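Here's a solo chain for you in structure tokens, the form deposited in one PDB entry.
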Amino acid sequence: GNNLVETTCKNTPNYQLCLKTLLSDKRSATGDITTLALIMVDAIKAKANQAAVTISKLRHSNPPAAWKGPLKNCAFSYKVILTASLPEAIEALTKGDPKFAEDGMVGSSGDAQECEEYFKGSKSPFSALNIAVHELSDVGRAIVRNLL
């Protein structure tokens, strides 16, 4: 009945991405802004999990020499995102000290971009996933700022 999802999303760097992402989770029907923020973190986590297994699969197949280094570095980037950054954000949102969730979002946004950049010609074999993690993370940072 209310338009909190719409207006919260207009207050982010990517309205349509924010809108489609939040609406995909049933908690957005009645959730307050902290809940919308947790939905967004789960969306980043889903994309980050897909990126980590994608990287493992590429390394499992004996990647070409040009990708060995970037893939190992990206594997670390996603280990940090999934083990430290997103868990820190969930904990901060759940405990009511959201300013710490903003920090994890800045981190995952930067790390996803840095991973894409590790490849020559700057484009990686999973650019869509890195871009999604980056974009969803920036939407998440903006949603969190509302709670501050």
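Residue indices: 1-based, along the sequence shown.
Absent from the display: the form solved in complex with a partner chain. The rest refers to it.
Interface residue remark: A29 is not counted as part of the site for the partner chain in the deposited bound form, having no heavy atom within 4.5 Å. In the deposited bound form, the partner chain lies within 4.5 Å of some heavy atom of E88. Using a 4.5 angstroms threshold between heavy atoms, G121 stays clear of the partner chain in the deposited bound form. Within this chain, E114 lines the site of the partner chain in the deposited bound form, having a heavy atom no more than 4.5 Å away. Between 49-57, 35-43, 63-71, 80-88, the stretch whose residues reach within 4.5 angstroms of the partner chain in the deposited bound form through a non-hydrogen atom is 80-88.
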